[PDB]
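A lone chain, given as structure tokens: the form deposited in one PDB entry.
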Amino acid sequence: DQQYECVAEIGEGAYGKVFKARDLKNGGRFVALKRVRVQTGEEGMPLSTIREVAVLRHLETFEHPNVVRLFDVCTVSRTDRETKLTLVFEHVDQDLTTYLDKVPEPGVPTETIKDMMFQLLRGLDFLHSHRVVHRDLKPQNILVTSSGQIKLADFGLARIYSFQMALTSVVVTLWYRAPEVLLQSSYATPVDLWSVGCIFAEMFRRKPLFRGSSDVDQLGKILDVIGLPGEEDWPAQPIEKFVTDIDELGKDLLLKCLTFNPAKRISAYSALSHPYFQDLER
């Protein structure tokens, strides 16, 4: 309850806001605090919050390097007021957004581009192989540590996927949504890779690729680039225009994530092995 002190507010997360703060009892280092104001309406703990913690807790004994870590859940019940929550995570220095904004000219080095992509896909692979889909993949949720390491953050829209389960038609933020979601269709993991397709590109061109305003426009925007596919794929313009400074193998991977049909779109595992990545950790 009184082990901390808030500094700057590093962004308004799932329900409310997330603060930068220091721990006192520990080494004096940094902690990430998510404040969750539970409405004294009548639903109990927010759905989104219960879920998100459960998933993060469930995988924590793996200690995956490309995923954020949760240390604690405070909870202090008030008989004088509503409850409030302190959700406490590892702090990370900046997000992909701020980093893309701060990086010197001429933008991020291609070899960094390759590595961030790698780590990102790697964390994704993990998450999917445990049947978790993190269906809210955006630059603001991708975190970059001081040593330039990748952490997926905000798991408040993530859930374990099971055959024939019910779905909300409403997932991922506008810019990084996939055609299947836009078309009000059924969806799954390929959704994350679409996002990684979009992000991949936002790395080279330090500007979001598909910037829509309605869902219908958001869809056209996409189709303006990727092109109209056949009757087969329904349940152009050469990319290099929209993504200059990209290598030939970076392109093939980028298209492979930006495949209209989801069942055709590449997976993390096969993506992790796509010839774009040979140069890396070797």
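Residue numbers run from 1 along the displayed sequence. So that the term is clear: the rigid core is the largest set of C-alpha atoms that superpose within 1.5 Å between two forms.
- No coordinates for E42 in a third or more of the other PDB entries: Per the records, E42 goes unmodelled in at least a third of the other entries.
Practice task
Output yes if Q164 is unmodelled in at least a third of the other compared entries of this protein, no if it is modelled in all of them.
Solution key: Yes, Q164 lacks coordinates in at least a third of the other compared entries.
Do any residues of the deposited sequence lie unmodelled between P235 and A236, and which range holds their number: none, 1 to 3, 4 to 9, or 10 or more?
Unmodelled stretch: 10 or more residues.
The form deposited in another entry exists for this protein as well; it is not shown, and the discussion that follows is about that form.
2 Å-or-more CA mover between the shown form and the other one, where superposition uses the core and the choices are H64, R51, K221, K256: Between the two forms, the residue that moves is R51.
task = Answer yes if the CA of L272 moves 2 Å or more between the shown form and the other one after aligning the rigid core, and no otherwise.
result = False for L272: its C-alpha shift is below 2 Å.
Checklist line | CA of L33, rigid core aligned, shift of 2 Å or more between the shown form and the other one | finding: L33: C-alpha displaced by 2 Å or more between the shown form and the other one.
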